[PDB]
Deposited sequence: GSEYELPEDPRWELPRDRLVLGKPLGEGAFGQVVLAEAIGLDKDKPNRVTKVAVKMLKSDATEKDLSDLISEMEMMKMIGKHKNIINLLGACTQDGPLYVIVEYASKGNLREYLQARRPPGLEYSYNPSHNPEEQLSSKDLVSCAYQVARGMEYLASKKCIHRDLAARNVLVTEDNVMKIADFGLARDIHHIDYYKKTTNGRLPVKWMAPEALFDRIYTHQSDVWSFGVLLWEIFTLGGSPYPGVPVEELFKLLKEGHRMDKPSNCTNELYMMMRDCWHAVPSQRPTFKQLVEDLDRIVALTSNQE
C-alpha cells in the first residue's frame, strides 16, 4: 500500500468530483476537512474527508485503511457517521464520510444552556440506538463520550470514531478520557460492549448536565482512588431519579449486571414517550 492501494469500485470517487475545503479537525489521526462531493447524480453534497497529514508514516496509512475497511463491514445506520466514498487511487487516501454541521454533542449542549427535557432524553436514545447497532456489528467503541457524538444540521446524533484502529493525555478541551472508562477496562484492560455501557452512563451524565465536565479537577491518581472506593457521581439537578438509576445501573461494578444497549434502547424509548 506504500506504492498503491487495492481498488474497490463500489466506493471509489473520482478526484475531479471532490473539492476539499476548510479544516474540521486535526489530530495524530491525520486531519479532517469539509468538502463538496459531486454525485455520490450531478447532486452536490457537503461531506467530511479524513486523510493523512504530511508527516504520517506507513503504519498511519494502514490504520486509516483499516478504519475505512471497518466502516465498510459495519454498514449504514442513521445514528453513526457513515462511510460515503473514498479516493484510494493515484494520490493520497481520502475517506469520505457524512458531515455534522452542529459540532460534537458537548458543544451542542453547552451552546444551548434551547433543549426540552424530551430533547435530552431523545439525545440519549439516539446515542443508545447507534451503540446498539454498533454492538450488533461487533464494534466496541472504547471512548464513547459526548465529544465523540456529532450532531447534524437536522439534529441527528451520530457516533464518530467507532472504526478506529496513556492515562495522562488530555483531550482538546483539557479533560481526561479515563473519566469515561469502565473499571474493568481501566484496571484489568477488559473492553466489552458492557464497558462501553459504563461509558454511556458518563455520557448520560454529560447530557443531563448540559455538557458538564466529569470529576472536574481530579487527576488520574485520584480518579483511580475514587473508582476503587466505589464512588459514583452525584445525581445532576434536573434529572429524574429514573434517569439517575439508569446511570447508576450503567455504573454497576459488575459488567453483566449493567444493562445492555438493547435494554438501554427499550427503556429510553419508553422514557422518551412519557417525558
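Gaps in the coordinates relative to the deposited sequence fall at 1, 42-45, 119-134, 187-192, 303-306.
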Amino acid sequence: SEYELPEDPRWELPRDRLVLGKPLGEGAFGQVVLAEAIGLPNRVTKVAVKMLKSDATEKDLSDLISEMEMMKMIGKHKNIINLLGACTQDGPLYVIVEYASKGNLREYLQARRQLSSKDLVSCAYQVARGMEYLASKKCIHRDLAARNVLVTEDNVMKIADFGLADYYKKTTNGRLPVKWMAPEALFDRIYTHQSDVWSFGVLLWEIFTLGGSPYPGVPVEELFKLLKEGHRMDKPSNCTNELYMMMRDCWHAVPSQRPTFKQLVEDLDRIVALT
From here on, numbers count along this sequence of modelled residues.
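Throughout, rigid core stands for the largest set of C-alpha atoms superposing within 1.5 Å between the two forms.
Taking the rigid core as the alignment reference, the C-alpha atoms of 216-224 lie farther on average from the displayed form in 8 other deposited structures of this protein than those of the other stretch among 216-224 and 240-248.
Choosing between 173-181 and 97-105, the greater Cα displacement from the shown form in 8 other deposited structures of this protein, fitted by the core, goes with 173-181. Here the stretch with the larger average CA B-factor, out of 20-28 and 263-271, is 20-28. Per-stretch averaging of Cα B factors for 190-198 and 88-96 places 190-198 on top. As recorded in the entry, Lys228 carries the highest CA temperature factor of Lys50, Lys228, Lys53, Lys59. Within the group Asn148, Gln114, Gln126, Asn82, the record's highest C-alpha temperature factor is found at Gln114.
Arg175 sits in the highest third of its chain by CA B factor, as recorded in the PDB entry.
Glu222: CA B factor lies in the middle third for its chain, per the PDB record. Per the deposited record, the Cα B-factor of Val156 falls in the middle third when ranked against the other modelled residues of its chain. Per the deposited record, the Cα B-factor of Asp249 falls in the middle third when ranked against the other modelled residues of its chain.
Among all modelled residues in its chain, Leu64 ranks in the lowest third by Cα B-factor.
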